[PDB]
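Before any questions on binding or motion, here is one chain by itself as structure tokens, the form deposited in one PDB entry.
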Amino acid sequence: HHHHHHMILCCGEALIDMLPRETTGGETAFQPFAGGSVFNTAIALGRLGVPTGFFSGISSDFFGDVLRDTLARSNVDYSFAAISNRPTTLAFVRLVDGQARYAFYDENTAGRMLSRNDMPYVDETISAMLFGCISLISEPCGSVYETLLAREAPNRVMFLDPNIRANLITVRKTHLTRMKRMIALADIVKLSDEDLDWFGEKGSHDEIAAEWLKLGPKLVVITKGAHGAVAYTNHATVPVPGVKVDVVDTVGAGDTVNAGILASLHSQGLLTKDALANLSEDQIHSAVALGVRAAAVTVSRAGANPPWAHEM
């Protein structure tokens, strides 16, 4: 086993986004792009210069090759991932009558059919783990990821990004109970206002954050689009304004906020459970502001294309 040098290990989906493009012959085709929210977060972390790892199910096929190539060039260690001959998850996007239509091809895929046997070896040189998004909806991988979070939560820092995609949730009740169990096990929870709306809880979003801070998390961050983010602890509330940019699109911007927060806490030497329980206003602001600043670069260009440290 290799020393992972105080690594942040991202655990979750890697997929191919299949997006509509125009061919030379004036016909619609689908151009493949490496993607998946947790994948994007891992890419963003690597580009910020943090020691970064990725655990997922990845195919041996040519789409799997795309994913691995992208991870490698962003310096992400994906030795943790389970490789199999199952196909790669494909996410088709179309514009139909000025409205977005989605088709999710995830049958018996490398990513979906993870088993307990596939769980990574995690020693003291992993400082933190991140979970989130659609890898937690699907089965059997969702149960594997929840099990991994529950197994490792006592040992190191846990970050959860609910990142709700309701169109893929077939039974609300069952995903909601999983979210609550996983929030209870998280040290840091980051989500958008829209994410939070899906939980259907009472009161202002500030009030709900305060309630969640009684359930396990030491830090709750609510992202607010162009408006930045607000961070909540039991000792402080820290509003962080957005950065003004010329917007191309905002897809995957939240994935970069995850990276900025974790990268800053890493740099500050605050990635321990105990350190997180004692964050100062300055330490919180620094971490969420890096997430917000980094995410602003992403929204300034097409797709989830997170910033290199040297781009900032």
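Here the rigid core means the biggest group of C-alpha atoms that line up within 1.5 Å when the two forms are laid on top of each other. Sequential numbering from 1, following the sequence displayed.
Mean C-alpha B-factor is higher over 87-95 than over the other stretch, the pair under comparison being 219-227 and 87-95. Higher mean CA temperature factor between 293-301 and 14-22: 14-22, per the PDB entry. For the set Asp187, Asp106, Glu139, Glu124, the PDB entry puts the maximum C-alpha B factor at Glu124. Between the residues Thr52, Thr272, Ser56, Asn258, the entry's highest C-alpha temperature factor is the one at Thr272.
In this PDB entry, the Cα temperature factor of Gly252 sits in the top third of its chain's modelled residues, the highest group. Among the modelled residues of the chain, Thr174 sits in the highest third by CA temperature factor in this PDB entry.
Residue-level temperature factors show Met7 in the lowest third of its chain, judged at the C-alpha atom. Placement of the Cα temperature factor of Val76 within the chain: lowest third of the modelled residues, per the deposited record. When the modelled residues of the chain are ordered by their C-alpha B factor, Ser115 lands in the highest third.
One more form of this protein, deposited in another entry, exists but is not displayed; see below.
The only C-alpha among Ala236, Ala153, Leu168, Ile183 that moves by 2 Å or more between this form and the one not shown, given a superposition on the rigid core, is that of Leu168.
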